[PDB]
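Shown below, as structure tokens, is a lone chain in the form deposited in one PDB entry; questions about how it binds or moves come after it.
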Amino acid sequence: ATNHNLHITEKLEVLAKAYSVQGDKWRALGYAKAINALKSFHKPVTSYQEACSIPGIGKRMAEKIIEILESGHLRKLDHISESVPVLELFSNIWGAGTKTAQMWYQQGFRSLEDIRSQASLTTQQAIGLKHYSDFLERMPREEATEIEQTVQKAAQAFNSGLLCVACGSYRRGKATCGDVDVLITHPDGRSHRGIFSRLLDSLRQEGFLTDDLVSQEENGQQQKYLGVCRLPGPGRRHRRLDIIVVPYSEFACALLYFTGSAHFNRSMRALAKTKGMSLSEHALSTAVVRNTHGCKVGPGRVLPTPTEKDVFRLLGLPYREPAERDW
């Protein structure tokens, strides 16, 4: 598609990012939805009524849209706190969100050097600070492929039958990727067990993993690593790498979840809800059991889904290719 409302969405994005770094996440979310709708719209917007006809745009958003349309400017931008660019700087540090960014700003910090010299830093934030510039850039998908191959080769050394796939924006076919998520399972349903620890050990020993952000997260039968890798060779940057090992029966739903996008996942959860189902990285399930007072007592029952297509089918949806899952 093509954006016919550029000067409008450019302005809205400024406002959206301001709300985000100030921690108004719900308001930012609503802006994101409206901003999407505007770009993928058959025409430039020429009236308030037309703006409101668009799902995701109500009175308040339409008002701003038409103000921009007519005057070329959005006044609310002129009343945006001067702190916003610094809050964004601080929250670009992996492990620091808006609360930490506020705290540092109130302490009078203004720069990364300020943070590096005088800020108290969590173990994760120190790594995120140390690799600030590397983590901010998106890598070419070619480099993501090499990263996936590195993980896959070290995994298949333990069991050649392991199935390994890079998810996220890479699987959605983007030219560049902010990170790499490598999802690992085994078709025999059992031989994924034991792999996670040995795999991280092997990647450690050969120098590929340079820092761990979360060395192990256990979520049901899924194991997740969040860390930092760097391919061999000179001129290589540090990159964010996640590794998730899952049982074969959850592979389709894990695959879907880690392929995303985040916005696509949110809309699929909403759709499942309408059908009295829930959708997680583990399973498509019937909705949980709620008692007399409306509180969840027990989990629902899993609807088995061997493949991503099975998930879409049970939801009464046409299959969507990963490249079509940005929204």
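Between two forms, the rigid core is the largest collection of C-alphas that superpose within 1.5 Å. Note that residue numbering begins at 1 and tracks the sequence as displayed.
Averaged over Cα atoms, the B-factor as recorded in the entry is higher for 78-86 than for the other of 177-185 and 78-86. Across the two stretches, 219-227 and 68-76, the PDB entry reports the greater mean Cα temperature factor for 68-76. Each of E148, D114, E142, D211 has a CA temperature factor in the record; the biggest one is found at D114.
Highest CA B-factor among the listed residues (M268, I57, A283, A262): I57. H192: CA B factor in the lowest third of modelled residues in this chain (values from the PDB entry). Annotation for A101: C-alpha temperature factor in the middle third relative to the rest of the modelled chain, per the entry. Among all modelled residues in its chain, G168 ranks in the lowest third by Cα B-factor.
Sorting the modelled residues of the chain by their CA temperature factor places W26 in the middle third. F109 sits in the highest third of its chain by CA B factor, as recorded in the PDB entry.
Missing here is the form deposited in another entry; even so, the following discussion is about that form.
A 2 Å or larger CA shift between the shown form and the other one, after fitting on the rigid core, occurs at just one of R190, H73, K99, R237, namely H73. Comparing the forms between the shown form and the other one on their rigid core, the Cα displacement of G220 reaches 2 Å or more. Figure legend: C-alpha atoms of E217 and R198, shown here, are separated by at least 3 angstroms less in the other entry.
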